[PDB]
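Q: One structure, pasted below without further comment.
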Amino acid sequence: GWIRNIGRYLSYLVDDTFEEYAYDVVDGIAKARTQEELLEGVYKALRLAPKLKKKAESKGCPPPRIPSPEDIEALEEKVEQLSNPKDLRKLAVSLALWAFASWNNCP
Amino acid sequence: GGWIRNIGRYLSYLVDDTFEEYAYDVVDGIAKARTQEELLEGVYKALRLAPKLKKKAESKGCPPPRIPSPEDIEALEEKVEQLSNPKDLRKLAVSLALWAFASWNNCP
Amino acid sequence: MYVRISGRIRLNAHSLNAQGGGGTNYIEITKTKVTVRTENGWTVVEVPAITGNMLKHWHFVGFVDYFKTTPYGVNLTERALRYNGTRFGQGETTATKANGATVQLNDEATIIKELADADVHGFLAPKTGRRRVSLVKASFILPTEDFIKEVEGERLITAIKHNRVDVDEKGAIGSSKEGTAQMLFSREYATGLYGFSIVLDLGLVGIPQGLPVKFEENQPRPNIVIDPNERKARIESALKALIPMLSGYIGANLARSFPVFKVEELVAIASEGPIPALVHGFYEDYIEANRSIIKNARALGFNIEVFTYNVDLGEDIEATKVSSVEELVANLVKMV
Amino acid sequence: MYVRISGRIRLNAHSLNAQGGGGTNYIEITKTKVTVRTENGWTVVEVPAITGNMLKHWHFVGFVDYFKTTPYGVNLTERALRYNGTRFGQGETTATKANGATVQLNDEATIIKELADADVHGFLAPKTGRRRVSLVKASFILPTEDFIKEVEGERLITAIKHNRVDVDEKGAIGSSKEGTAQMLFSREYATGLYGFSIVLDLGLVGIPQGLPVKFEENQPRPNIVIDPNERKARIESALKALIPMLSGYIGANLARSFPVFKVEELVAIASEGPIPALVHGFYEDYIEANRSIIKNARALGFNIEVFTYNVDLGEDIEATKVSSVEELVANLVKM
Amino acid sequence: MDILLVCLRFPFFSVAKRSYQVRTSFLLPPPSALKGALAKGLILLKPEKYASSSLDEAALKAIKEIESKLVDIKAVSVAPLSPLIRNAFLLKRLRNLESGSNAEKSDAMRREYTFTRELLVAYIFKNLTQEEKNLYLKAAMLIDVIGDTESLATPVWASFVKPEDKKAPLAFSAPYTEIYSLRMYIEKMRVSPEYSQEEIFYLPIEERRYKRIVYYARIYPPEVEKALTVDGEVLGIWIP
């Protein structure tokens, strides 16, 4: 449900094979209480796409797959109705949990 | 509202590859829209680059970019006029700022 | 003399009391949970904080600094001169003075008579079993509740990464196989409005815990084991340790960060007797609670003296309009 | 006289009453299991709770500290001045006062006449019995069930790590082979809105346990073996000992933690005769329980004075507004 | 026959069994503690004739008088209407009653506390006089503590409501005599307080594997000829 594709991209900011070690964005998306800071944190996570692309290309392993624009609008289309923070926390921590999986990228 | 995606598609052209126009500052300024004034200013700076992308896309064998229609501009003006609360303004700005980075298939 | 201080401090761009080690990349700042309203039921949020151990250690540093210059500065542990807080660790029976003289950890009276740091800050001697509760107590430096409610969580945290330029003598930046250490490491820097509360129990200085009184004349005369001048000097040393405290010397990474301090407001009370603890500055309604506590304590028969900076308090009770921290400590030492 | 207090207090960043960790490098805060509804389900949660022994000891500390100021404060045990209080045992039949006077444990009357801690907080004399129960009792300190229901998830328990750096004679340091003291331990810090409840039966101070009344002249007058003046002094000291409890002076790790304390709400009832405790503050509906219990007690013919802080408790009941715990103590010391 | 019915709301209680070091808390309060709880109310409320020179003697006199007016020594029982659980605490309960160790010896001591929100305990009284019945109504309340001092128990309500002969499954505890005559729990609870005797009782709490801790439940033994009602819900109580 459009979580694996964004989850692996989020993991791309944590894997040891990519020596940039951006844990602040993962902490920010994980510790989200309402809509605005969650969207801001996911925007900061998604902003590092050129860095990851030009670092993977210079290394040799296949480039990371940025989330496709078809599942981008799903994020707001689902989170607009999440007024209650209790239900928001579910996905706010699920994304961070997916960001810490193995996700073998560069062989 | 349907115009957020329309303006995000245009904003994608300022960051995407095969265009050599790496305007990260304007996208970040739109994303960091504290007030409505500077949000509109950043949108204006992003729109000023329309002729450059429009000509370079056909100069490198790519479909012309989808510059937002005047209806989208009217909707944006209405939203800016009726939103005087930074609480909604921040998420409004982030909504169209997030679309800049994606796996858009601009050039087939 | 017993004194309590509580207030707020503005503080931005501070990497104080981090978690990770120096050699580990991405040094992380400490986090702590707090409970707030958010216009509904109770909710817990995780915010950067400074532990009370850090504050207590920097109070110890300031006290040692201000007690060295006194004529009784010889009466100090050799570890104190090194700012070493390990007071009588596990597996030792004797300690070394500042001048090199040895002291035996058999009784508390001689320990507190000859060693000043172990008297103000307490000590533990597991090998012998001796004890002394610290006279100074400190709380956490938590961001104030109304500030947290007012910012809706922009994380108050910036992870700034930077590197050293360790290079070979020939001018080549080698890899890990060469021996160079050109690597990037990240430090987390916090910001916001914080609250602090430290209590001092300087009325028991120079008095052994076991035998507070001796009853020489069938009356409770305190068991002052040291000279009154030494006890007094220890008192103003502990009181003057607050001057480097509320100036920017209660944090780590001072060489590269040096936190940007400005005390916003505070209240201090002292009555040379038993005193209720003030309300921590973390709460948004601590001014009214402190005003009520002061008023009821004074009406009950306590000789509370109150100095306030940048708070209106009650405007009807006798409170001194102090202008800064060092003026406050000057007023405190004028009432010894 | 006979007083009962129950309420809710906010305290965070505290490690009061931990497991000590005398053999392990990790110090665990206290925990207990609690059952609560989960919208048609009896779920169980592990939440920190301060034991009543801690509160009893800290109230004793406050009482012995406030009893020294009074001129009648000589009548105390030598243990009391050191915040001791083991209070004899199978091998001791002699009490040493603050001035060092031998006191026999033959009867409770002399024990309560010559000692003040033994009078209020009880004692035990295995040689001849003479058991005296504590006049002040305290309950545990649990977060309210409303808080537990509303948080559901979340840990509110932080394991914060502290080091003990020990620089050597020049600048060196060692881990475990140089004999120095350089370790890295951890402490558990809790938060939440807790509930407290204490019962003080101060009406029996100075009266021997075995002889509540003398009944010699055909009147059941109280058997006060001591002078009324220092009996009143003991009452005042015990009532003032409440002040250095609801301020942050309860628990452990006071030097490094000093919990961020703020009393939220409370209800207290005071009377000259035997009265029942109202309800613990852990329950969500404890305010209505207090209202019902005070109405029922007043219906049976009881003279109760009720003080409320940050709670309405209805309008029919003549309750006294309380600005702070010290206002309550000042109103109480009127008797 | 006016039967006393009182409800106690307490956080914890720590009345235990005979064991060294560990003091295993009783699953349900023993009858001796329950009867002493209101014997204290007797001695405090009207000490004109029930108070003597010795606290032990006065307590024993109150116990004898209160047991003279019960139908049986095994009369009082509790009703686990809320679920029950058991936790343990390592406290500094210094041991200095055993030979040696003087008075300055303190060691770790583990005490077990039982947690349940509320309980309903009923005392069986037989044709008590009205003039003393008012005092006994007053003594039903102010049941301050049960066993260990830190077991603060506040009686929310107390009343005298007749069973009026209904048929309901058993909810209040009962001795292990009628239960055998018609998920088994058997205990010994020392029917009478020991002063300077032991009977067998059934326990109507069963295990449920719902969470990590096993906690306690209801057994609802078979029908009993007598029953008692609270706020419209009927429960089973047995009397010889």
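Lettering and numbering for the structure tokens are positional, with chains as A, B, ... in the shown order, residues counted from 1 in each chain, and ligands counted from 1 in the shown order.
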Using the chain letters and numbers from this document, which residues of region 159-295 of chain C does DSSP assign to strand (DSSP E or B), as a ChimeraX atom specification?
A: /C:159-163,184-200,213,222,260-270
Q: Taking only C-alpha atoms into account, which residues of chain D are within 9 Å of chain E, as JSON, numbers by chain?
A: {"D": [19, 30, 31, 32, 33, 34, 35, 36, 42, 43, 44, 51, 52, 53, 86, 87, 88, 89, 90, 91, 92, 126, 133, 134, 137, 138, 139, 140, 142, 197, 198, 199, 209, 210, 211, 212, 213, 220, 274, 275, 276, 277, 278, 279, 280, 282, 283, 289, 290, 292, 293, 296, 300]}
Q: Using only C-alpha atoms, determine which residues lie at most 10 Å from residue 249 (chain C), disregarding the query and same-chain residues fewer than 2 positions distant; provide the list as a PyMOL selection string.
A: chain C and resi 55+58-59+61-62+242-247+251-252+254+258-259+261
Q: Which residues are near residue 44 (chain A)? Cut-off 10 Å, only C-alpha atoms, ignore same chain within fewer than 3 positions. Put them as a ChimeraX atom specification.
A: /A:24-26,28-29,38-41,47-49 /B:28,31,98
Q: Residues as selected, N, CA, C and O atoms, written as a short mmCIF file (atom, residue, chain, number, x, y, z; two decimals), in the first residue's frame, can you do that?
A:
data_model
loop_
_atom_site.label_atom_id
_atom_site.label_comp_id
_atom_site.auth_asym_id
_atom_site.auth_seq_id
_atom_site.Cartn_x
_atom_site.Cartn_y
_atom_site.Cartn_z
N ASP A 24 18.36 12.60 11.31
CA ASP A 24 17.49 13.66 11.80
C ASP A 24 16.14 13.64 11.09
O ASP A 24 15.10 13.87 11.72
N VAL A 25 16.14 13.38 9.78
CA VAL A 25 14.88 13.33 9.04
C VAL A 25 14.02 12.17 9.51
O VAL A 25 12.79 12.29 9.64
N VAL A 26 14.64 11.01 9.76
CA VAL A 26 13.90 9.85 10.25
C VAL A 26 13.33 10.13 11.63
O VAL A 26 12.19 9.77 11.94
N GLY A 28 12.56 13.07 12.78
CA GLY A 28 11.50 14.05 12.63
C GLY A 28 10.20 13.44 12.13
O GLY A 28 9.12 13.78 12.62
N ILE A 29 10.28 12.56 11.13
CA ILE A 29 9.07 11.92 10.63
C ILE A 29 8.49 10.97 11.68
O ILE A 29 7.27 10.85 11.82
N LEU A 38 4.85 16.61 10.00
CA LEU A 38 5.01 15.35 9.28
C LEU A 38 5.25 15.60 7.79
O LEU A 38 6.16 15.01 7.18
N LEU A 39 4.45 16.49 7.19
CA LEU A 39 4.66 16.83 5.79
C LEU A 39 6.01 17.50 5.58
O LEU A 39 6.70 17.22 4.59
N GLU A 40 6.40 18.38 6.50
CA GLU A 40 7.70 19.04 6.39
C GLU A 40 8.83 18.03 6.46
O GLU A 40 9.79 18.10 5.68
N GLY A 41 8.74 17.08 7.38
CA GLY A 41 9.79 16.08 7.51
C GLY A 41 9.88 15.17 6.31
O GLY A 41 10.98 14.84 5.85
N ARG A 47 13.78 15.71 -0.32
CA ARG A 47 14.60 16.73 -0.96
C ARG A 47 16.01 16.25 -1.29
O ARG A 47 16.65 16.81 -2.18
N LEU A 48 16.50 15.22 -0.61
CA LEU A 48 17.85 14.73 -0.80
C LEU A 48 17.99 13.79 -2.00
O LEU A 48 18.98 13.05 -2.08
N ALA A 49 17.02 13.79 -2.91
CA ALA A 49 17.07 12.88 -4.06
C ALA A 49 18.29 13.10 -4.95
O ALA A 49 18.96 12.11 -5.29
N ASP B 28 12.99 25.70 -2.22
CA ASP B 28 13.11 25.77 -0.77
C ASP B 28 12.39 26.99 -0.21
O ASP B 28 11.77 26.92 0.85
N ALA B 31 8.83 26.20 -0.12
CA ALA B 31 8.59 25.27 0.98
C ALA B 31 8.68 25.96 2.33
O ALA B 31 8.03 25.54 3.29
N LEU B 98 6.06 19.88 -2.07
CA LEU B 98 6.48 18.48 -2.02
C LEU B 98 6.52 17.84 -3.40
O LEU B 98 7.33 16.94 -3.64
#
Q: Give as a compact mmCIF listing (two decimals) with N, CA, C and O atoms, in the first residue's frame every residue of chain D that touches chain A within 10 Å, counting only C-alpha atoms.
A:
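part-v1.txt was written with the following content:
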# COMPACT_ATOMS: atom_id res chain seq x y z
N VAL D 151 -3.35 7.60 27.50
CA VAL D 151 -2.07 7.41 26.82
C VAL D 151 -2.03 6.09 26.04
O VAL D 151 -1.44 6.03 24.96
N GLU D 152 -2.66 5.03 26.57
CA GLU D 152 -2.69 3.72 25.93
C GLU D 152 -1.28 3.24 25.62
O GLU D 152 -0.72 2.42 26.35
N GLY D 153 -0.70 3.73 24.53
CA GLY D 153 0.67 3.42 24.17
C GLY D 153 1.65 4.32 24.89
O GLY D 153 1.39 4.79 26.00
Q: Extract, using only C-alpha atoms, all DNA, RNA and protein residues at most 9 Å from region 82-99 of chain C, discarding same-chain residues fewer than 5 positions from it, and format them as a PyMOL selection string.
A: (chain C and resi 57+60-61+64+73-77+104-106+114-115+117-118+122-128) or (chain D and resi 164-167+179-182)
Q: Region 204-218 of chain C: which residues within 10 Å, counting only C-alpha atoms, same-chain residues fewer than 2 positions away excluded, as a PyMOL selection string?
A: (chain C and resi 1-2+107-113+116+119-121+131-133+135+200-202+220-228+230-232+234-235) or (chain D and resi 74+78-79+81-84+98-100)
Q: Among the residues of region 22-107 of chain A, find those DSSP assigns to alpha helix (DSSP H) from the backbone and print them as an NGL selection string.
A: :A and (24-30 or 35-47 or 49-57 or 72-79 or 85-98)
Q: Show me, as CSV, the residues of chain D having an atom within 7 Å of chain C, each with the closest atom pair and its distance in Å, using only C-alpha atoms.
A:
residue,atom,partner,partner_atom,distance
D:12,CA,C:34,CA,6.5
D:82,CA,C:210,CA,5.5
D:99,CA,C:215,CA,6.1
D:147,CA,C:42,CA,6.8
D:156,CA,C:33,CA,6.2
D:158,CA,C:32,CA,6.6
D:164,CA,C:86,CA,6.7
D:166,CA,C:84,CA,6.2
D:167,CA,C:84,CA,6.9
D:181,CA,C:89,CA,6.0
D:191,CA,C:34,CA,6.6
D:192,CA,C:35,CA,6.4
D:243,CA,C:276,CA,6.5
D:244,CA,C:276,CA,5.7
D:247,CA,C:277,CA,5.4
D:248,CA,C:277,CA,6.7
D:254,CA,C:137,CA,6.4
D:255,CA,C:137,CA,4.2
D:256,CA,C:52,CA,4.7
D:257,CA,C:139,CA,5.1
D:258,CA,C:139,CA,5.1
D:259,CA,C:139,CA,6.7
D:260,CA,C:280,CA,5.8
D:261,CA,C:279,CA,6.5
D:262,CA,C:279,CA,6.6
D:323,CA,C:292,CA,6.6
D:324,CA,C:292,CA,6.6
D:326,CA,C:296,CA,5.9
D:327,CA,C:296,CA,5.9
D:330,CA,C:300,CA,6.2
Q: Check the smallest atom-to-atom distance from each of A:7, A:64, A:50, A:85 to chain C using only C-alpha atoms, then report the winner.
A: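 When distances to chain C are compared using only C-alpha atoms, the smallest one comes from A:85.
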Q: Skipping near chain neighbours, those fewer than 6 positions away, what residues fall within 6 Å of region 17-30 of chain E using only C-alpha atoms, listed as a ChimeraX atom specification?
A: /E:110-112,189
Q: Within 12 Å of chain C, which residues of chain B are there when counting only C-alpha atoms? Please give them as a ChimeraX atom specification.
A: /B:86-87,90
Q: For the residues selected in the previous step, produce a file with N, CA and C atoms as an mmCIF file, in the first residue's frame.
A:
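Full text of out-v8.cif as output:
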data_model
loop_
_atom_site.group_PDB
_atom_site.id
_atom_site.type_symbol
_atom_site.label_atom_id
_atom_site.label_comp_id
_atom_site.auth_asym_id
_atom_site.auth_seq_id
_atom_site.Cartn_x
_atom_site.Cartn_y
_atom_site.Cartn_z
ATOM 1 N N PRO B 86 -1.266 31.097 9.743
ATOM 2 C CA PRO B 86 -0.042 30.352 9.403
ATOM 3 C C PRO B 86 -0.183 28.850 9.573
ATOM 4 N N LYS B 87 -1.080 28.401 10.454
ATOM 5 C CA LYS B 87 -1.296 26.971 10.654
ATOM 6 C C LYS B 87 -1.673 26.283 9.347
ATOM 7 N N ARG B 90 1.254 26.982 6.310
ATOM 8 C CA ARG B 90 2.431 26.121 6.246
ATOM 9 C C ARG B 90 2.133 24.846 5.466
#
Q: With the cut-off set at 7 Å and counting only C-alpha atoms, tabulate each residue of chain C with an atom at most that distance from an atom of chain A, showing the nearest atom pair and its distance in Å to one decimal, ordered by chain and increasing number, as a tab-separated table.
A:
residue	atom	partner	partner_atom	distance
C:154	CA	A:37	CA	6.3
C:155	CA	A:28	CA	6.7
C:159	CA	A:24	CA	6.4
Q: Those same residues - C-alpha atoms - I'd like them written as a PDB file, in the first residue's frame.
A:
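File produced: part.pdb:
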ATOM      1  CA  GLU C 154       9.225  22.030  14.735  1.00  0.00           C
ATOM      2  CA  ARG C 155      11.622  19.569  16.503  1.00  0.00           C
ATOM      3  CA  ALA C 159      21.771  18.301  12.987  1.00  0.00           C
TER       4      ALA C 159
END
